[PDB]
Every structure is written in C-alpha cells, then in structure tokens.
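Below you'll find the structure, written out as structure tokens, and then a few comments.
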Amino acid sequence: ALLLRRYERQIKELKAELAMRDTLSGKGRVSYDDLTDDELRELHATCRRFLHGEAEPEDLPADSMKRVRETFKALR
Amino acid sequence: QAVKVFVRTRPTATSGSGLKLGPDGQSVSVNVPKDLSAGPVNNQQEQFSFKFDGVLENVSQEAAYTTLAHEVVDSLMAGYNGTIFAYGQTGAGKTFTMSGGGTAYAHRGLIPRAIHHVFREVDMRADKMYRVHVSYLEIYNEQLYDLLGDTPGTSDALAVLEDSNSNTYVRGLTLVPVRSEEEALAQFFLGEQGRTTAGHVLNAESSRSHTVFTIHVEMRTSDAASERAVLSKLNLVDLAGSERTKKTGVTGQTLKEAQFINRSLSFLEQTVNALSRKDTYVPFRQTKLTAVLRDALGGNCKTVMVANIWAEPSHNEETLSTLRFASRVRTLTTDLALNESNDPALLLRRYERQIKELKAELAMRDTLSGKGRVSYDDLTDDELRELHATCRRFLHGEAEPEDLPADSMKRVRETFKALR
Amino acid sequence: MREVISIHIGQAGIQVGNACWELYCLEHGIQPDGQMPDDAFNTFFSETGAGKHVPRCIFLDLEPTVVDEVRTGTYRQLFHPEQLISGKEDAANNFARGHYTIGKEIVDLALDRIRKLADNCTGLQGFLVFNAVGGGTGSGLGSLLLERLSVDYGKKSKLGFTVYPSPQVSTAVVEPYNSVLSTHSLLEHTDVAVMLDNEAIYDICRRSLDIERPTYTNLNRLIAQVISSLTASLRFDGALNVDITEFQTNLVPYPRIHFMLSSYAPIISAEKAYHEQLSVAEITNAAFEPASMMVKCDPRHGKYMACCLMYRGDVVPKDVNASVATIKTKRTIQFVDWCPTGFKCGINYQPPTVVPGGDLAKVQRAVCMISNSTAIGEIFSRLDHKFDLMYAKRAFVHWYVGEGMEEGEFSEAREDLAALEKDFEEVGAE
Amino acid sequence: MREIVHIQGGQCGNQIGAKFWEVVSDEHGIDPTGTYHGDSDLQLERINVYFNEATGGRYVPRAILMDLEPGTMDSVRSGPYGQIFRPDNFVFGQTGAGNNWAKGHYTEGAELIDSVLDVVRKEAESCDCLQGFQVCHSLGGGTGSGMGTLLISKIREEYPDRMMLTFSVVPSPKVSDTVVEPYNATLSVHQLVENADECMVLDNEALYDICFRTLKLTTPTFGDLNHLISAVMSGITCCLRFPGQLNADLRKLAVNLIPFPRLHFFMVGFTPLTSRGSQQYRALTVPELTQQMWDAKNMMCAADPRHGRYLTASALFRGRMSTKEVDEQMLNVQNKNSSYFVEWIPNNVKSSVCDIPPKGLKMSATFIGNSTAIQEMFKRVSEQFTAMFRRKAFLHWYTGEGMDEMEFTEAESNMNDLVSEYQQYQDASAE
Ligand SMILES: Nc1nc2c(ncn2[C@@H]2O[C@H](COP(=O)(O)OP(=O)(O)OP(=O)(O)O)[C@@H](O)[C@H]2O)c(=O)[nH]1
Ligand SMILES: Nc1nc2c(ncn2[C@@H]2O[C@H](COP(=O)(O)OP(=O)(O)O)[C@@H](O)[C@H]2O)c(=O)[nH]1
Ligand SMILES: Nc1ncnc2c1ncn2[C@@H]1O[C@H](COP(=O)(O)OP(=O)(O)O)[C@@H](O)[C@H]1O
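Residue numbers (the authors' numbering), protein chains in the order written: chain 0Y, 348 to 423; chain 0X, 4 to 423; chain 9h, 1 to 37, 46 to 438; chain 9g, 1 to 431.
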C-alpha cells in the first residue's frame, strides 16, 4: 500500500540518480533492473567453455551465480 | 503458441470397415460411400479431406502422451499455461485418452502420466521450488460440481470468476495441495469415482459431464525469497460425447442431459468460430464450459486439442463432424505470457532487495570515485584466484576492480576446465 | 400491524408531543376522551375492548410541570396515566445530571414501559424519539435511553427528531456543551437523525405564515405536521408507498452521516391561501428553497446527497416527476458526483388535516422534504467553536463534572464532532 | 390446455398483476365474483390457460402474489378484482424490504421463498400441460426485484424446460424513484440474464411519454401505466387463448426472437394507442398499425431503437386480417429501414396472427423487438452503478445483509459483458 508506493518512488529516484551519475560517467550502461532474457545466462554458461564475458556494473548476479556453478559442475 | 489439434483413432477390436487413411501423418481423408440407389450419377459428394497437426491411428498411451502433451507440461513447468481437452464421438475413446483404461493402470492414461511427469520434473529441478495444487470439477447439466474434498453435490458457491491477474479461476473450488505422487493419484481416483457416468449403447459407461482437472503450478526461484512466483496452470479436460440423440431416446437422464451436453458443445464450437473470425468480444459466458475455458482457447495458454474419432462404417457422419470442428479449431492461436504472482509481500521484498543492492553498488562506486580506485592490484597472488575457484562451490563475492578481477579469473579458468 | 412507538423526552419533547398527538387525534377522528364514534389508527393508537384508543407514546421527563400540564389538560383520559412519567428534580440544563445521576431510575422505568408497549406490537417499524439537544433532560436522558434501546431492541429503526441550538439566538448558556455531548452520544445510536433549529422555524413562521410573534406552540405544530407527513405512508395508502425502514436505505449513504434537514411546504395562513395555484412543481420549488429549511443551514454552501420527498394529497406521479426533473435541471441545486439519482419520491392520497386554532391553512397538497446533505456540517462548525471557546478555560465545567463526568468526556465529544467535520468534508470532496 | 402460472412480486409487480388480471377477466367476460358473463363460446374455450373452475361456476386466477409487507396486497384485495385470487395465494412476510435487494434476496426473502415455492408447486402440479410461468415485477425495488430473482432462480431449478417470462420494470433513465435503483437493477439483471428465458424491459418514463404523447392524457396515474402493461401481457399470449390464422405460442416467440441465449431482453409496445380526441379520426388499417408499431415513441422501453440495430422483432396481430397485408407491410418495413435491421439475419420478422382482437378494438397488435438499443439502457444503469460503487454509497446496507462486496463487481462484470455482447452484434458484419 503506502509502503509499496513509497518504496517504488524511492527505487525510481535511485534509478534517476544512477542515470544522472552515469551521465557524468563514461557511458550509460543497462539499469540492471532484471534479466527477462534468462536465455542469456544459458548462452554465457555455454560460452564459458570459450572466450567471452559480460559483467557490467551489477556483475549480472555474479555472472548468474557463476553460470549456475558451471551447470552444477557439468551435471557432476 | 499455436493450437496443436491432434487426432487419435479408436482401434476397432471388431475391425469394422475403416475408410480413414493417413498418407504422411498430417492429413486424414474420409470417403463416404455414394448411395447407388439415390440419384444415380447425380450425387456428387464422396471425399472429405482435412489437415491437422498430427494423427495417431493405433498407438499406446505412452506414445500418445509423448506426442500430445509433453511440450505443454514442459511449458507449465517453464511458467506458461497449458490446456489439453478432448472432443469427439461418444465412446470414441475421449475418456480413454483422458486418463482411461490404458494398460494395467500403471502410470497409464493421460492425466496420471501427466502428474507422474509433473512430480518427476519437480524432483529433477531441485534448483527451483515448486508448489503444486490440483482441482477436479465436473460440469453436469450446466452446473459446476466439485469432486475433490467433500462433494456437496449442490453447486454451492462454485462460480467461475474472471481473470484477477490474467487467468480465469473458480471461486469456491476446493484446491488441494499435493506434495507426492500418491496423494495426487488418490485425489484423481476419488474424482474418477465421483464423476457421473451412465449406460449407453455406443459406450457401456458414457461420461455425461465435462470433467476439468486443473494442475496449478506455483514456481519459485532457486533463491526463492519472494521472487518470480506462482501463476501457472494446466487444464486437462475430458468433454462429454456429442450424441446424435436418436439411439438414447429415454428421457431418464440420458436424453435430457444429452441435450445439455450438445448445447455446451455447440456453444464451444460457436466460441471457436468467433475466435477464428477474430471478432471483438467472442462471448464466453454463454455456458459454464466456455466460462471455465475462457483463459484457455485464448488468453495466455498453450492449447492442444485432442480429437478422439471412431472409424466405423456408420460412424462416418459423427467422425466428419468431429473432424470439421477440429479443423476449425486449428485456425486459433493464443498468447504465452510468463505470468507470475502479484503478492504484495512478494513485490515488497523482491524490490527492497533491489533498493539495498542499488544503494550498496552506488556507495561502492561513489567511494571508488571519491577516495580513489586502484586498478591492476594483487596481480602476483594467484592464490586469490584459487580461493575464488574453491569458493565458487559456495556463495561469495569477487573484486570489482580491474575488469571485475579479469572476469573472475576467466570464470575460475572456465571452472577448472569444466572440473577437468 | 405497522406500529411506531413514540418517545418524548424533555420539555421540548413533551411540547412537540402535545402538538403531535393533537394532530394524530384529529387525523384519526379520535376524541380527546379516548374513543371515536379501517385500522388506520393502528400505527399510533392501540384500541381496547371497550372501544377506547390509547396512544403508543411515552412522555419522559425529570421535571413534573410539563407532564402535569398534560395530566390536567384535555388529553387526561387519552394517554395512559403511567405512560405519563415524571421525575422529581429537573436535570437543570446539565447533560451530566440527566445522563448519570437523575436519569438512571427514570430510564429504568421508561425501558420497562417501552418493553410492555412493544409487547403490544404485532409489527414494529420503529421508534420516534423527540427531544431537544441542548438540555440535560433532552440530551442526557435521551442519550441514555437511546443507548439502552440500541443495546436491547437492536435493529429497530429509531428516528431522532432532535432540536439543535440555533446559530446565534439561544435560550440557554451551557447549550453548546450539552449539545456537543449529546451529539457525540447519538452519533452512533439513532439511525436517522433530523436536525431542527428554532431560529429557522421562527424565520419560516415570520416570512410564510406572517406570524410576527411566533411561539413554542406554533413551532411544535409545524414539527408535528412534518412528522405526520413523514408517517403518512404508514397509515394511508397511496401511489409510491415509502416506509420507515426505506428511509435509511434511500437516505443514509454512510452510517456516520445520518443527520437530515427537514422542510415542509406549503406554509401559509388562510388569508394567503387559495390565492396561489400551489401546483406540485411550485410546492417542490418552495420546499427546496433555502429559507424553507427548518435548520439554519444554507444548502448552497454544501451539496445535496439524498432528497426524500413525501407528497400528501392530490399529487400525481407525472407531476412529481416533472417537478423533480425541473429541480435536477436547476443550476442552483447541486448533488454530489457519486449520487446521480439522489431522489426518493413518495406520494400519499391523504392530505394533511388542519388543526383548528392553528395558522396553517387547508391545502390539498403538501410536501415534506427530508434531505441528507453535506451542508449540514456548518451547524457542527458553529457548535464546535462555541464549545471550545468556553472549554479552553473550562467555563461551567465544574457543574458537569459535579454530576459524574471528566474533561475526558468533553475532549472525546469534541474530537468526535471534529471527526464528523472531516467526515463531512470527505464525503463532500471528490 | 397449455397453462400459464402468473406471479406478482413487490408493490409494482402486485399492482401490475392486479390490473392484468382485471384486463384478462374483462376480456374473458368474468365478473369480479368469478362467474362467467361473456356470452361467447370462445371466451370459455381456453379459459383454463389462466383460470381454474371451482366447485360452482366460479373461475379463480392461477396467480400467486408475493410481498414482504401486507399493505400492498391489502390494497389489491380491496381493489375491484381483489376477491378472485385464491386467499391461499396471497403470500406475505411481516416487515417490508426497505428497497433492499439484499433483504429481498438473502435475509427476508429466504423465509418467505419456501411458502412461495410451496404455493407455486401446488398451482403448477395441478396444471395438465404447463407452458410456463410469467413473473411481473420491477427492477430497482427491494422485495420486488429480490424475491422476483430468487423465485425465478428456484423455478428455473425446478422446471428447467418450462417457459419463463418476466415483465420487469427497469428503473427509468431521467428521473429515478429510489436512490438505490442502480444497485437493485444491476443485481437483478445479473439474475435475469442467467435464469429468465424471456424478459420484457419496461420503463415508467417511457410509459409516461407514450401516454402523454399518443394517448394525450392529462393526469396519467399508475393505473393507466399498469393498464398498458397489462394490455401487452395479454396480447403476448392471446395466441394461446384464441384461435389464430397463424398461431404462435410463447416458446415459438422465444425461439424466433432470441438468437443467442443471453440476448433475451425485449422492448415491447402495443397498438393501436389512440388519443380520445383522434379515435374517430384514426383509420384502423394494418398499415397504420404497423406504422405506429415501428415508431420509437410507441416503445415502452426508454431506449430508442434508432440508436441500435434490430436483432429480431415479432408482431402478434389480433383481428380478422389479411396475412398477405401483414407480411407485405412488415417486409416493406424491413426493406425501408434495412439500416436499422441486422444484416446477418435475412428476415428479422416473426409475424403471427390471431382471429380474436381485444374487446372494442377491431384490430390490434403487440410488438416484441429484440434490438441492440437496450445497450444504452444497460450502459446508463452501469454509469450510475459505477459512480455509486466507487465510493461505496449505501453499500453497508447490502453488506450487513450477508452479501459479499465481490457480488457487486461480479454483477457489474456480467452486465458490462452483456453490453459489449449487444455492441458486437450491433457492429458485426456479414462474411
Ligand atoms: N422547537 C422547540 N424547542 C423547544 C421547545 N421548548 C423548549 N425547547 C428547547 O428545549 C431546550 C431545553 O429543553 P429541556 O432540556 O427539555 O428543558 P427541561 O425540561 O427544563 O430539562 P433541562 O433543561 O434539561 O433541565 C431549550 O434550549 C429550547 O431551545 C419547543 O416548544 N419547541
Ligand atoms: N408501472 C407501475 N410502476 C410502479 C407502481 N408502483 C411502483 N412502481 C415502480 O416500481 C419501482 C420499484 O418499486 P417496488 O419494487 O414496487 O418497491 P418494493 O415493492 O418495496 O420492492 C419504483 O421505481 C416505482 O416507480 C405502479 O403501480 N405501476
Ligand atoms: N486404444 C484405444 N483408443 C480408444 N478407445 C479405446 C482404446 N482401447 C479401448 N478403448 C475403448 O474406449 C472406451 C472409452 O470410451 P470413452 O472415452 O469413455 O467414451 P466417451 O467419449 O463417451 O467418454 C472404453 O470402453 C474402451 O473399451
């Protein structure tokens, strides 16, 4: 209710402040709000056997928990 | 997201004169015999061909499940909705497909195999945590009679309510949580006992009620803690047969209810017609069947209709009616939205996590910018990378500077070359 | 069958009861002795085997003089001798005296009498509680009686026809105090409260009846006429029957807000009578004129929320519908955005009788308009200032405390009427 | 031999039913003491539709009157035809429902409904063959709407296949009688959509317009409105009671009128409605009757058909008339006003003819039009219901009777679904 609205307004203000700081920073990266394309995590896990990488500021949930512990140690 | 209208044919143990054929598993053709006496060389209607998403001339229930609803159940565990409902002739094997005799009752039928695979999936996906509910309601004479739990038999407080959060549900329906396969089987077999079946000439125990068994899946992530939860459905529906109402005759709850079954089926077909025409409103309230399947057949649900047909020398008319309905159903295609819970506490916790991580990262970057961030440090201590690789089995952090510790030492040397 | 039990508390209650019972006796043809030379009296009178009719009323007071005037007056054989109840010491304009000290035994006896009256009722539409907010007998004893009735009887419709202090003119000094206290008391117990102001009724008498020298008898006669018009559908059949239980459902939007302005029309003497057509539209316009209100509360300040119209006499639904259509199309009258209907029209075929010796004329038509409006918050605004102005330094507070109260009760009442104030502002604002 | 069980509900319903029974007894030549005094074989031929024979020659109506307050049926019994009805068919409570649909449907109607169904079953089982029930009542009233909907639901459960006809007085558009009219109407329409097979929508303001513009009356009381409604309720079933050149019973009218089950609300009108001044000045011809029929002003519903589209329209004519005349006139009407008629129905006309016109009238005709114009009546009622429901005005009265708040939202959803249903078939295109 009121708590939800206030917390959402605080989140929006924090996002605006982060954007304002990125404006003076080198470049405007993604807001790191969420990861709708969870298939990107699977793509990163697959590329973990090759040369690739994408972390950015939020580290992307620590590289998606290190590609889900490297696909659970390659299915053990 | 398309509608996958499959067709399944009843194997005639008597081996009647079968006129159907399948050349490639996609198309089915029926040749009605032209009446020689009636207007010689003056009839001109013999052939009727249709194309569907699959035909099953004679297969076991295992094969039927594998080719029918495996993808739909997989979508259900992937968060999508699902709806498999059967239609066809009375005694054509609608109930047989929809959890019928099968073979030996040992995970046979469609619903028991479905719930077996559901719980196998829940066990295998030990990462995410699931909450499985079941419900089993019968539409008889345009009245909703819940079977699970107690059976009032009076349609008390049972009403289909509109989409609270983009899915139609049933108010007053006894939703039974399930945590093992055995109680799921027990609830389903209780429904099997409780449903109304009556004697009939085509089928010894005809199903005189549209039964709906909904498996409600409530996802939660591996970390859980109120993140991406709930709001997934899977409706397994066994409709009642479409009787010609020329053999039954007896009004003693064999014809009076047959009229209701026919009206519900005609309303369903009219809804299908309006959806194929893609008119604006396509009414769903004209019967309890369309009310229950409002989210299905449209909404955000992956529907796969099953058409149980019976190839017999005199069943050609009913078979063609079923095939025409299935063909007109194939026109439809619905949406697939990963709807999840709208819980207030869920939202609050999930984005207080957001606000705390945002302020933590903001403080870290502000301190690095103000006090000073030192890059290219500890380049000689490979023991730090070794410790990071060891702690990858646990929950821990890494150095943010120097390209995030060189992508966490190239993901700990690709997880020690995939654990060697 | 459709019986309504009448309670008259305090001097003003008993003195409007005199007018009310004279009016009922005249309407039913009941002679003052008790018997008259079908069953339309059942709402107000219960007939005995001998043919005498006894009214279902209770005259409650702590002062003996007002009751004794009835006991010695023409209506001595009419009312039940025990139904006339007298106290020993007056409450002396002290809410605490009439609510805590003297009121106890008297309200016990009153509850016993009311119980035995209700045991004589086949059906029971409700209670008509008539008192004067602004006096200890009226405020305190009436509040205690209403509390007990709500506790025991329960869901019966109690209509409190309270007389509130006028904005400027008044007869008592501690009137704001006991008015605020009784308002707090009856905010939660009476189901439909009707506000009446002596100042507004005086202005009505002066402008419409041309009575330059109005008195309490005249005020009570108009009040009795309003109550009779309100109850007319209980006794006489007509098109669009409206019921006591229907008043709340069609007039009270929220349980807290149930204070209602009342207005009667036409209000004319014989000399001015039969000089105007007195059409249905004209009398409806007059009833919705601000000057015809029986409360000093200009409706132009606020917004009408509900208006129940009670027509008596030769009134036809086409005429009432045209009149109300003109009312709605009029720009001066404003309803809230959330009540597009806002109207409860009711008609009755029995015109109100004329009391001989009164100033009201014989008119074939009559309108009793009872309106729930947010403008009524103005009177509470006046009293909440007149109260705290005395209260900050605690004038007359020793008197009230000496009969069993605290500044806690005064502060609770003051904040409760403040809650009513912001409630009115809420229901007014979009 | 196809009987009709009449039920009256609430004050408005009871008054309408009393007037209807007066008109029916007049048309059958029955005096208020029950003895037949018509001197015509056809009047007694099919009297069993509405009346039963007592031990003597008395003929008592097959009517059942309900109320929660006894005053209305006291007035009915004091009325001119008050003694014909069964003394046992007067069912009353003690305290009236204060214009509260919740009281009339859940709290107070629950106790009286058992007695009502007992009397209804007693009347219905006595019938040889039952065409169905007709319930006259008003939307926007406590006991009327509440008990009407509850009784209709119970009778639907008991006799699913029997015809259900309802004469509901929808609250008027412009001037409203009770404040809670939108609440009661919205809650009652939800029940009528699901239960009542055939429903007639009537508005008091439309009746006032018809009686002031065509009848040109000066002081039209409720007796006159009830008389017009009664004339229509007789005209709808005169094909059951009298020989007809092309007869059509209630089920035939329902089949030919209702395209889709939920669209069973009809605006109706009666002809020839002539003012006293121009009675001699009007010429009784079938073209004149049809011209007056298809006028929007003749409609007893507030909605005017010009805004909407006629899904279907039936006309039950009465009198010695040419079927060629009738069919040609209505085909001409359809051709001329094709814009107002649905395209995906080739003929929007159900014409029926009866050989016995009402007394005094050489010819007559009752009209029953199913058009999407009723959309605007439902829309207006929703425009009021939502305005009141956003602030929950008067909602505590309904909530304290044990009705959930969710029921109001569900009823509004159903009503808006009906509105959009009408809109879809208003602007639907062929092929
Ligand atoms: N409208 C109207 N108001 C009256 C009439 N008589 C008295 N009042 C009002 O009644 C108020 C006081 O009434 P009561 O409290 O009953 O007077 P009481 O009977 O001596 O009892 P207490 O004053 O409480 O001791 C005064 O403020 C007057 O304004 C009347 O005849 N008509
Ligand atoms: N046609 C007609 N309508 C009436 C009559 N009396 C009342 N009404 C209408 O009926 C509506 C609802 O009143 P009603 O249902 O009878 O009240 P209830 O019986 O207490 O539920 C009101 O809006 C009136 O306008 C009448 O005699 N004839
Ligand atoms: N492989 C099969 N496919 C279809 N029907 C079968 C098969 N094996 C047996 N049947 C028969 O199908 C019948 C089930 O019909 P059912 O679906 O209950 O009819 P309805 O469609 O009226 O519910 C059983 O009685 C069984 O004899």
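For every residue, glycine included, the Cβ atom is placed at its ideal position computed from N, Cα and C.
Quiz item: Between the segment 122-129 of chain 0X and the segment 37-45 of chain 0X, do three or more beta carbon pairs fall short of 8 Å?
Solution: no
Practice problem: Give the single residue among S153 (chain 9g), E158 (chain 9g), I210 (chain 9g), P220 (chain 9g) whose Cα lies nearest to the Cα of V193 (chain 9g). | Solution: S153 (chain 9g)
Quiz item: Going along the segment 368-394 of chain 9g in order, which residues come within less than 7 Å of chain 9h, judged by CB to CB distance?
Solution: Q384, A387, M388, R390, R391, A393, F394
Quiz prompt | Local Cβ density within 10 Å of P316 (chain 0X), reported as buried at 16 or more and exposed below that | solution = exposed
Quiz item: Considering only C-alpha positions, which residue in the set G96 (chain 0X), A261 (chain 0X), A201 (chain 0X), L178 (chain 0X) is nearest to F191 (chain 0X)?
Solution: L178 (chain 0X)
Quiz item: Count the other CB atoms within 10 Å of the CB of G255 (chain 0X); is the residue buried (16 or more) or exposed (fewer)?
Solution: Counting C-beta atoms within 10 angstroms of its own C-beta, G255 (chain 0X) has fewer than 16 neighbours from the protein chains shown and is therefore classed as exposed.
Quiz item: Alpha carbon to alpha carbon, how far is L161 (chain 0X) from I264 (chain 0X)?
Solution: 19 Å
Quiz item: Are the C-beta of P220 (chain 9g) and some C-beta of chain 9h separated by less than 8 Å?
Solution: yes
Self-check item: Inside the segment 38-82 of chain 0X only - alpha helix (DSSP H) runs reaching at least 4 residues
Solution: The alpha helix (DSSP H) runs lying completely inside the segment 38-82 of chain 0X and spanning 4 residues or more are 64-71, 73-80, given in chain order.
Quiz item: Within 10 angstroms of its Cβ, does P408 (chain 0X) collect 16 or more other Cβ (buried), or is it exposed?
Solution: buried
Practice problem: Tell me the start and end of each unbroken alpha helix (DSSP H) in the segment 109-176 of chain 9g that is at least 4 residues and wholly inside, in chain order. | Solution: Runs of the alpha helix (DSSP H) inside the segment 109-176 of chain 9g: 109-126, 142-158.
Quiz item: Beta carbon of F99 (chain 0X): closer than 7 Å to some heavy atom of ligand 3?
Solution: yes
Quiz item: In the DSSP assignment, what residue or residues form a beta bridge with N238 (chain 0X)?
Solution: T86 (chain 0X), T217 (chain 0X)
Practice problem: Would you give the residue range spanned by the alpha helix (DSSP H) that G385 (chain 9h) belongs to? | Solution: 385-399
Practice problem: Would you tell me roughly how many angstroms separate the C-alpha atoms of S174 (chain 9h) and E207 (chain 9h), rounded to the nearest one? | Solution: The C-alpha of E207 (chain 9h) is placed about 5 Å away from the C-alpha of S174 (chain 9h).
Quiz item: Can you name the residues of chain 9g whose CB is closer than 7 Å to the CB of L292 (chain 0X)?
Solution: Result: empty, since nearest Cβ-Cβ is about 13 Å, beyond 7 Å.
Quiz prompt | Cutoff 8 Å: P261 (chain 9g) Cβ touching any chain 0X Cβ | solution = Answer yes: the Cβ-Cβ gap between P261 (chain 9g) and chain 0X drops below 8 Å somewhere.
Quiz item: DSSP three-state call for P72 (chain 9h): helix, strand or coil?
Solution: helix
Self-check item: CB contact flag (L398 (chain 0X), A421 (chain 0Y), <8 Å)
Solution: no
Quiz item: Can you name the start and end residues of the alpha helix (DSSP H) that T393 (chain 0X) belongs to?
Solution: Note, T393 (chain 0X): alpha helix (DSSP H), 385-394.
Self-check item: Any 3 or more C-beta pairs closer than 8 Å across the segment 400-413 of chain 9g and the segment 288-304 of chain 9g
Solution: no
Quiz item: Just to confirm, are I9 (chain 9h) and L68 (chain 9h) a CB contact at a threshold of 8 Å?
Solution: Cβ atoms of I9 (chain 9h) and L68 (chain 9h): closer than 8 Å.
Practice problem: Put residue 458 (chain 0X) into one of helix, strand or coil per three-state DSSP. | Solution: The question about residue 458 (chain 0X) has no answer, for chain 0X in this structure spans 4 to 423.
Quiz item: Got a sec: which bits of the segment 235-248 of chain 9h sit with their beta carbon under 8 Å from any beta carbon on chain 9g, in order along the chain?
Solution: Listed by position along the chain: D245, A247, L248.
Quiz item: Just curious, the beta strand (DSSP E) that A129 (chain 0X) is in, first and last residue?
Solution: It is not in any beta strand (DSSP E) - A129 (chain 0X) carries neither H nor E in the DSSP assignment.
Quiz item: Can you round the beta-carbon distance between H266 (chain 9h) and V200 (chain 9h) to whole angstroms, since I take them to be within the 8 Å contact cut?
Solution: 5 Å
Quiz item: Taking Cβ positions, are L71 (chain 0X) and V220 (chain 0X) nearer each other than 8 Å?
Solution: no
Exercise. Decide if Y281 (chain 9g) is buried, meaning its Cβ has at least 16 other Cβ atoms within 10 Å, or exposed.
Key: Around the C-beta of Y281 (chain 9g), fewer than 16 other C-beta atoms lie within 10 Å, and the residue is accordingly described as exposed.
Self-check item: Beta-carbon neighbours of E386 (chain 0Y), restricted to chain 0X and to distances below 7 Å
Solution: The premise fails here: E386 (chain 0Y) is roughly 11 Å from chain 0X at the closest Cβ pair, so nothing lies under 7 Å.
Quiz item: Any chance the CB of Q11 (chain 9h) is under 7 Å from a heavy atom of ligand 1?
Solution: yes
Exercise. Measuring only between beta-carbons, confirm whether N99 (chain 9g) sits less than 8 Å from chain 9h.
Key: Yes, its Cβ sits closer than 8 Å to a Cβ of chain 9h.
Self-check item: DSSP three-state assignment for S190 (chain 9h), whether helix, strand or coil
Solution: helix
Quiz prompt | Proximity test, Cβ basis, 8 Å: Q4 (chain 0X) and chain 0Y | solution = no
Quiz prompt | Beta-carbon neighbours of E405 (chain 0Y), restricted to chain 0X and to distances below 8 Å | solution = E360, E364
Exercise. Could you tell me whether the segment 241-259 of chain 9h touches the segment 354-366 of chain 9h, using the rule of 3 or more Cβ pairs below 8 Å?
Key: In short, these stretches touch, since the Cβ pair count reaches three.
Quiz prompt | Enclosing alpha helix (DSSP H) for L228 (chain 9g) [first to last residue] | solution = 222-241
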